[PDB]
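The structure appears below as structure tokens.
Protein chains in written order, with the authors' numbering: chain Q, 2 to 57; chain V, 3 to 59; chain 6, 165 to 273.
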């Protein structure tokens with residue numbers, strides 16, 4: 002009947018969340034990664050700072 | 003959409019899996035960056051403390 | 165069971181968010197779903213009019229659609245004489261049952 006019109010419509014509808022939600026997931030995992038380089042810049046190495054300053 | 007767009011959906015989900023996997027690889031990359039960069043900052047601060055200690059001596 | 169009638173590929177293996185609900189329709193209404201499938205539910209796979217098999221009591225057939233949309237399609241389709249029968253394919257277990265049958269027959273003699 003409608004040939005490829007419904008194909009285009011429905012397939013793009015599935016696209017618009019299949020790829021978009023994964024893209025948002027990647028953005029927020031990179032945000033967690035952002036916070037985590039902040040954490041490791043001040044968690045392990047900062048424990049070593051307290052150690053070396055106590056040594057001094 | 004017997005085969006036209008369902009294959010496109012499969013490809014999009016494969017792209018999603020690859021993107022999240024590479025985002026986790028970038029997490030590992032930047033975690034190692036934090037390790038290294040902060041350690042060099044520690045080396046610099048240690049040099050500063052050495053200087054102040056020689057002054058105190 | 166449909167062990168020796170259908171194949172593993174008749175449904176969507178590795179479905180993303182979809183289910184090939186095997187809505188067996190009688191022969192009095194087989195010609196209707198092959199056109200109404202588009203409207204009977206939305207967020208589904210178009211051109212899902214492919215029949216599987218035809219039987220004396222009711223013609224085997226199926227349709228692919230979203231997991232939450234299984235409910236909606238069933239509720240819309242039960243009123244147009246579209247009997248719902250979710251069949252699961254298994255080569256191993258059907259083969260094991262048939263082998264058990266033959267074993268029992270020979271051992272019984």
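In this text, a Cβ means the ideal position worked out from N, Cα and C, and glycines have one as well.
Exposure of residue i, with buried meaning 16 or more beta-carbon neighbours within 10 Å
{"i": "residue 55 (chain V)", "result": "exposed"}
{"i": "residue 8 (chain V)", "result": "buried"}
{"i": "residue 12 (chain Q)", "result": "buried"}
{"i": "residue 53 (chain Q)", "result": "exposed"}
{"i": "residue 212 (chain 6)", "result": "buried"}
{"i": "residue 3 (chain V)", "result": "buried"}
{"i": "residue 169 (chain 6)", "result": "exposed"}
{"i": "residue 51 (chain Q)", "result": "exposed"}
{"i": "residue 265 (chain 6)", "result": "exposed"}
{"i": "residue 15 (chain Q)", "result": "buried"}
Opening and closing residue of the alpha helix (DSSP H) in which residue i lies
{"i": "residue 227 (chain 6)", "result": "Premise fails: residue 227 (chain 6) lies in the beta strand (DSSP E), 227-230, not in any alpha helix (DSSP H)."}
{"i": "residue 249 (chain 6)", "result": "Segment: none, residue 249 (chain 6) is in no alpha helix (DSSP H) and carries neither H nor E."}
{"i": "residue 42 (chain V)", "result": "8-58"}
{"i": "residue 38 (chain Q)", "result": "5-43"}
{"i": "residue 195 (chain 6)", "result": "194-204"}
{"i": "residue 241 (chain 6)", "result": "233-241"}
Selected residue, minimal CA-CA separation from residue i, among the options
{"i": "residue 241 (chain 6)", "options": "168 (chain 6), 172 (chain 6), 173 (chain 6), 200 (chain 6)", "result": "200 (chain 6)"}
{"i": "residue 198 (chain 6)", "options": "227 (chain 6), 237 (chain 6), 179 (chain 6), 272 (chain 6)", "result": "227 (chain 6)"}
{"i": "residue 10 (chain Q)", "options": "254 (chain 6), 246 (chain 6), 206 (chain 6)", "result": "206 (chain 6)"}
{"i": "residue 185 (chain 6)", "options": "174 (chain 6), 244 (chain 6), 267 (chain 6)", "result": "174 (chain 6)"}
{"i": "residue 245 (chain 6)", "options": "180 (chain 6), 271 (chain 6), 187 (chain 6)", "result": "187 (chain 6)"}
{"i": "residue 204 (chain 6)", "options": "231 (chain 6), 247 (chain 6), 236 (chain 6), 253 (chain 6)", "result": "236 (chain 6)"}
{"i": "residue 5 (chain V)", "options": "202 (chain 6), 194 (chain 6), 195 (chain 6), 214 (chain 6)", "result": "214 (chain 6)"}
{"i": "residue 35 (chain V)", "options": "30 (chain Q), 41 (chain Q), 20 (chain Q), 15 (chain Q)", "result": "41 (chain Q)"}
{"i": "residue 42 (chain V)", "options": "36 (chain Q), 37 (chain Q), 35 (chain Q), 49 (chain Q)", "result": "49 (chain Q)"}
{"i": "residue 220 (chain 6)", "options": "194 (chain 6), 243 (chain 6), 251 (chain 6)", "result": "194 (chain 6)"}
Backbone CA spacing between residue i and residue j [nearest angstrom]
{"i": "residue 182 (chain 6)", "j": "residue 216 (chain 6)", "result": "18 Å"}
{"i": "residue 124 (chain Q)", "j": "residue 19 (chain V)", "result": "Any question about residue 124 (chain Q) goes unanswered here, given that chain Q covers just 2 to 57."}
{"i": "residue 258 (chain 6)", "j": "residue 166 (chain 6)", "result": "9 Å"}
{"i": "residue 178 (chain 6)", "j": "residue 171 (chain 6)", "result": "15 Å"}
{"i": "residue 55 (chain Q)", "j": "residue 50 (chain V)", "result": "15 Å"}
{"i": "residue 208 (chain 6)", "j": "residue 190 (chain 6)", "result": "22 Å"}
{"i": "residue 7 (chain Q)", "j": "residue 33 (chain Q)", "result": "39 Å"}
{"i": "residue 30 (chain V)", "j": "residue 27 (chain Q)", "result": "14 Å"}
{"i": "residue 24 (chain V)", "j": "residue 218 (chain 6)", "result": "48 Å"}
{"i": "residue 192 (chain 6)", "j": "residue 224 (chain 6)", "result": "13 Å"}
{"i": "residue 229 (chain 6)", "j": "residue 11 (chain V)", "result": "14 Å"}
{"i": "residue 239 (chain 6)", "j": "residue 261 (chain 6)", "result": "34 Å"}
{"i": "residue 43 (chain Q)", "j": "residue 256 (chain 6)", "result": "56 Å"}
{"i": "residue 249 (chain 6)", "j": "residue 39 (chain Q)", "result": "55 Å"}
{"i": "residue 64 (chain V)", "j": "residue 20 (chain Q)", "result": "Outside the modelled stretch of chain V, which goes from 3 to 59, sits residue 64 (chain V), for which no answer is possible."}
Limits of the unbroken beta strand (DSSP E) element including residue i
{"i": "residue 268 (chain 6)", "result": "Element bounds for residue 268 (chain 6): not the beta strand (DSSP E) but the alpha helix (DSSP H), 255-272."}
{"i": "residue 183 (chain 6)", "result": "182-185"}
Where residue i meets chain A, residues with beta-carbon distance less than 9 Å
{"i": "residue 26 (chain Q)", "result": "The structure shown contains no chain A; its protein chains are Q, V and 6."}
Give me the subset of the region 9-20 of chain V whose CB atoms are less than 8 Å from a CB atom of chain 6, sorted by chain position. 11, 12, 15
_What are the residues in the region 28-47 of chain Q lying within 7 Å of chain 6 by C-beta distance?_
none
Residues in the region 200-225 of chain 6 having any Cβ partner in chain V nearer than 8 Å = 209, 210, 211, 212, 214
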